[PDB]
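Below you will find one chain, with nothing else, as structure tokens; this is the form deposited in one PDB entry, and questions on how it binds or moves follow later.
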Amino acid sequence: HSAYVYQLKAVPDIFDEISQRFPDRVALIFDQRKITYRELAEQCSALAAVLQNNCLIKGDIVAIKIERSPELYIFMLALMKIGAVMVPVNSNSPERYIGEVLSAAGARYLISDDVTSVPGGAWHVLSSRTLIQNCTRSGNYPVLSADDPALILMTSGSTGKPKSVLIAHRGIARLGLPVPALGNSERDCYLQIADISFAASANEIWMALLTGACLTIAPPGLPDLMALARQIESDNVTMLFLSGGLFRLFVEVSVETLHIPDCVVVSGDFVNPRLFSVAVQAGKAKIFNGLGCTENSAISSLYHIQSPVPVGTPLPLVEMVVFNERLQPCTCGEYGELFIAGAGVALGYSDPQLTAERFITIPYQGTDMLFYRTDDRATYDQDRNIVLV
């Protein structure tokens, strides 16, 4: 439990720390089933021992296709504890496409809650249901470092090129640091709705579970705004992360739901400023425009809208710089490209040539800093907020 904020542990070590400090806080809610950190840590450890005894070891590439459920997050924590590299799969994807993802990721195993609706291939299919039943063993787990790989996520460039992104423990472990703009703590409650195959899901999962906060879990499948509205109220969601689609739809059909939480973060793409205007005038929740990208593991900057919206200022341990064509920091109003450095930067792509092109070391403020090149055109405003253009 170090006070040096730049000193990060692997995910399982942070979670062990949190589960010891807040053992009687609620970690997970699904429907009306609630699970404390103490019970979650017991289930995580029991499952990790089962996985190790199934010969799964550090660095094994392990895909997960498990519908939203408490067991999904138990598997994530157990796989992190044994050092496996998770490949989360979109359960709403054609089997065809899932096979292409598993192939591109090099998955050796696929853990599934429905072993009938999975693609065949080189990978070996394991039943999440059977493995959970075999929980009764725990010890001799790997000594993980913040730079060990934790997951593989798929993304695309601006012109459609598909990419396989290797994410380090540190990229999600940083979400255990409270975000000053949000004021979050263990008292908060998050809503898990973004699909696990999307980096944005990390915002919900790990900001909750690595801080002692509560994660209430949306029902599997496509968004049910009626149920989500009831869930936000009945489970007292206080930190609400939304895609541009979910945000816009809520503004259109139930803007007052957006003011049940304390903070609402909209990320993923440009949002019509008029939508922010309506939302901000409808109540007193803090509405943010947020930037994230897969290559920085999770949400990366926040702009509080008070009334092209800026993307604001970086999260803890994140560095953002707009660089011109000559790799010099831009002045206010000068156009350049957004580069991101710090704890969230990915380990690379599966493509080594693509990695060297997009992950570049640049001396900045006295440090030879590794930057991800976003391909996002940007500048600074007068208050030095970053604004994508």
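Rigid core: the largest C-alpha set superposing within 1.5 Å between the two forms. Start at 1 and count along the sequence shown; that's the residue number.
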| item | value |
| --- | --- |
| Test item: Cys332 lacks coordinates in at least a third of other entries | yes |
| Missing residues, deposited sequence, between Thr136 and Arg137 (class: none, 1 to 3, 4 to 9, 10 or more) | 1 to 3 |
| Residues of the deposited sequence that sit between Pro308 and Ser307 yet are not modelled | 4 to 9 |
| Mean temperature factor over C-alpha atoms, higher-scoring stretch between 84-92 and 120-128 | 120-128 |
| Which of 229-237 and 198-206 has higher mean CA B factor, as the PDB entry lists it | 229-237 |
| Member of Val321, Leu28, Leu327, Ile64 with the greatest C-alpha B factor (per the PDB record) | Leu327 |
| Selection from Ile340, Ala343, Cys55, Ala48 [criterion: highest C-alpha temperature factor in the record] | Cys55 |
| Where the record places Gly292 (Cα B-factor, split into thirds across the chain) | lowest |
| Among modelled residues of the same chain, the CA temperature factor third for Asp269 | middle |
| Third of the chain's Cα B-factor distribution that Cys332 belongs to, per the entry | highest |
| CA B-factor placement of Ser350, once the chain's modelled residues are sorted into thirds | highest |
| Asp113 CA temperature factor, ranked by third within the chain | middle |
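We do not show the form deposited in another entry, though everything after this point is about it.
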property	result
Comparing forms between this form and the one not shown after core superposition, the one residue of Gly157, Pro180, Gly221, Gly245 displaced by 2 Å or more at CA	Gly157
Sense of the change in Cα distance from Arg373 to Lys161 in that other deposited form - at least 3 Å versus the shown form	farther
Inter-Cα distance between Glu100 and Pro162 in that other deposited form, nearer or further [3 Å or more]	closer
